[PDB]
């Protein structure tokens, strides 16, 4: 009987600040077993430097809950495993289901799913999409959701899609999943660099681009005008304010960019302000509003949808309670007819989130041409299964797992502080 023998945590930090000034980092989690040498679950929480140590401590504090557990028991009931962590009332106090403690639980949960897909020798998106509607529904926590999504409503959705799974899988495997780029929209970029990168993005096949705004309206008006012209009237152009504005200012601001045909304004205000996003959306119609990369859990997503605060949402592989929670968010969006545009970038976020969007297309919505996954070309060289883009689209992962395992030489080089690079640097 194979069991989990250890939950090792690694404080990995990349000096990306030498290339605000975020130093991309990751609280690297590994679920070790005594089975086939190749059996281990990998996961990670994306941090930006300061605090990766506290995030690591949080993950390491979960060891007691996992060491000694039978692997088959875990893999057989991922729902019960996630709930063993989420239901610890004492750990709930540090949240509940938000912040550092929840993200730590999410990474351990993610590693468990990674482990499950590995054992079944399937890429996560396939592992997920090939579970029965009953197996899928049993992994989600319906507490606090019965007013918007019942177990039965979840089952009907998964059952209707059941018949088309084979066709969707073939479609994805040959066509790939759409991607959008944010590479051209950095605020520090000159107008010429903006148009130049915008043009290159289109040439590479991307059909949607996103620019940052929020610092200076005059600047935003000028950059949006230039981007539109450089891109043409057929490419989608979204904007990201990164939580900068209050409600009134956001409305005044966005009304001045509407003319450039905005795909959507992302995070106009605080990620906790459900009613504010609704207010902004109403004040700038028909400019679509989105949020989600920092949304704490499925309950807040529920309210965003209930209040009609969003036109579309982002989901993040590492911000919530792992796969289990994202499935509930995905079912929620599907039920309310709201598109999902996964957030990525950071450290391995693309590698992780691609699977959730792909499982979603096959087993939940069957729609992908109306949306896209974010893509950023960073740190991919540190992963065994790096994402692959082909003319603006993600190629479906083939290797088994969640695509989270990083090259051991990478961990040996950037582990902090014992890492080779950090030992010499300081």
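Numbering follows the first chain given and starts at 1.
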message: Missing residues between residue 19 and residue 20 in the deposited sequence, please: none, 1 to 3, 4 to 9, or 10 or more.
response: 4 to 9
- prompt: Looking at the deposited entry, does 160 to 168 or 331 to 339 carry the larger mean Cα B-factor?
  reply: 160 to 168
- line: Of 170 to 178 and 110 to 118, the stretch with the higher mean C-alpha B-factor in the deposited entry is 170 to 178
task: Divide the modelled residues of the chain into thirds by Cα B-factor and specify which third, lowest, middle or highest, holds residue 297.
output: lowest
Chain-wide C-alpha B factor ranking for residue 183, given as lowest, middle or highest third: highest
field: Chain-relative CA temperature factor third for residue 351
entry: middle
- request: Could you tell me which third, lowest, middle or highest, the C-alpha B-factor of residue 379 occupies within its chain?
  value: highest
task: Within this chain's modelled residues, let me know which third the CA B factor of residue 204 belongs to: lowest, middle or highest.
output: highest
